[PDB]
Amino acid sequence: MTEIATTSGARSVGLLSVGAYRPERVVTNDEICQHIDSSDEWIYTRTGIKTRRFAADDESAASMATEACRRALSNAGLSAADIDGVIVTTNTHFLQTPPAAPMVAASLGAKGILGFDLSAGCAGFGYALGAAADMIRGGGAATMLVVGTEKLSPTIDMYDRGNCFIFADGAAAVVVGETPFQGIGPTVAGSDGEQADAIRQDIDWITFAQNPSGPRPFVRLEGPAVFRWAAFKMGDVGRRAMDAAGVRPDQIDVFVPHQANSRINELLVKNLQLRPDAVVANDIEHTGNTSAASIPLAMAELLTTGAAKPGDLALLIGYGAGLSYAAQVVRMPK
């Protein structure tokens, strides 16, 4: 009797730019050997990390996202008024509400634009990019920001000899809009809810809030279990992502896995059967693991250093918390 209208947008969409923010404070391996019993040698060998970035007390996941978003637009040659919507992916927004997106949009002077927060561990970016590209193609928006942002510092147990030296702070943003040629492939994603406990906050905020003066929550990590899972399962994931995009492994110029751990990633590369000269992102060396923020920060570093060029066929695999993953083939931004 009646018909609901249907819309459509751009066919091809891509990473118009990347913009990275990294906090002033550089915390060395040595400067954590205080509260733990190990060396710089030890930490570096098992993780790949040399130094990491720590945000200041007044800095936040939303402030850092804003400064990243600000830089992204500059690199894309656009102002806030060109943006139709922003998606924030984070694990360290410390308010159940309000969301971060609207605050960010307002900070940048695009106060009324659409936006939500996407939470999916370190698969957030892959999912957010997916949703963005999907929204623009459907005609929901034309140009979008997607920003991985993280203030992990406050959640570290400085005595937790298993993960204290892994997490760090930062934010990086990309611009997604119409492009001459297809620049973002299909999103390949999934989960493993059974191993949800592998990466977690040990105490929920409500339990804690009812008994405040007792032990406070921290980020907890079952290393071995997350290693085995990432290293033995993401190899296939990436192949599903290349297969979807219709690309051979030997065509990937740039590998940007989530910066969880250097050993893991090394193993992922060998598995994926890439070219001997594919550029594998290793930002983790001086950035540390920045969760949902890692992939875009990885991209930015590879471009800043000139090891990757704009237009390079890249493969992104995000993996981590909740045991979730998201992957896709893209063209390098900027």
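In case it trips you up, residue 1 is the first one in the sequence shown, and so on.
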Looking only at CA atoms, which has the higher mean B factor in the entry: 274-282 or 33-41? 33-41
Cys122: which third of its chain by C-alpha temperature factor? highest
Quick check on the deposited entry: does the C-alpha B-factor of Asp169 sit in the lowest, middle or highest third of its chain? lowest
Split the chain's modelled residues into thirds by Cα B-factor; is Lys50 in the lowest, middle or highest one? lowest
Compare the C-alpha B factor of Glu67 with those of the other modelled residues in its chain, then answer lowest, middle or highest third. highest
Can you tell me whether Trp229 has a C-alpha B-factor in the lowest, middle or highest third compared with the other modelled residues of the same chain? middle
